[PDB]
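Participant: Following this message is one structure expressed as structure tokens.
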Amino acid sequence: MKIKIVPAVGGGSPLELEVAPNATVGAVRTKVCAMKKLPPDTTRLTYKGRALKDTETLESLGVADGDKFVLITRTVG
């Protein structure tokens, strides 16, 4: 239904958004890696404290309201 995301960049804070029942943790991760233009060594997603990607669909097991995602990033200068 609605989900929350916590990107650890630019003064990171939680944000709500509505998503499709066919959404997938790996597809959320790869969109952010592509949008940040950074490899999976320096940008990663977590869900319920686990690393996840190969979920295929949440709705085939049981999709819900208020599920929460944390997106971690790295940089050097």
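Numbering follows the entry's author numbering, with no gaps: position 72 of the sequence shown is 72.
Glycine included, every Cβ here is placed at the ideal spot set by N, Cα and C.
1) Return the CA-CA distance between residue 2 and residue 18, expressed in angstroms with no decimal places.
2) Give me whichever residues DSSP pairs with residue 73 in a beta bridge.
3) What separation, rounded to the nearest whole angstrom, lies between the Cα atoms of residue 20 and residue 9?
4) Output the boundary residues of the beta strand (DSSP E) element that contains residue 2.
5) Measure the Cβ-Cβ separation of residue 16 and residue 31 and say whether it is below 9 Å.
6) With a threshold of 6 Å on Cβ separation, who are the neighbours of residue 41 within its own chain once the five nearest residues in sequence on each side are excluded?
7) Checking the sheet assignment: what are the DSSP bridge partners for residue 18?
Facilitator: Concretely, from the data shown:
1) Locating residue 2 in the sequence shown gives position 2, counting from the first residue. Locating residue 18 in the sequence shown gives position 18, counting from the first residue. One C-alpha to the other measures close to 4 Å.
2) For this step, residue 73 is matched to residue 73 along the sequence shown. Bridge partners of residue 73: 43.
3) Residue mapping note: residue 20 aligns to position 20 of the sequence shown, counting from 1. Residue mapping note: residue 9 aligns to position 9 of the sequence shown, counting from 1. Going from the Cα of residue 20 to the Cα of residue 9 covers about 25 Å.
4) Along the sequence shown, read from residue 1 onward, the residue named residue 2 stands at position 2. 2-7 is the extent of the beta strand (DSSP E) around residue 2.
5) Your numbering for residue 16 matches position 16 in the sequence shown. Your numbering for residue 31 matches position 31 in the sequence shown. Contact flag unset, no.
6) Translated into the one-based positions of the sequence shown, residue 41 becomes position 41. Answer for residue 41: no residue qualifies.
7) Here residue 18 refers to the residue found at position 18 when the sequence shown is read from its first residue. According to DSSP, which records beta bridges pairwise, residue 18 is partnered with 2.
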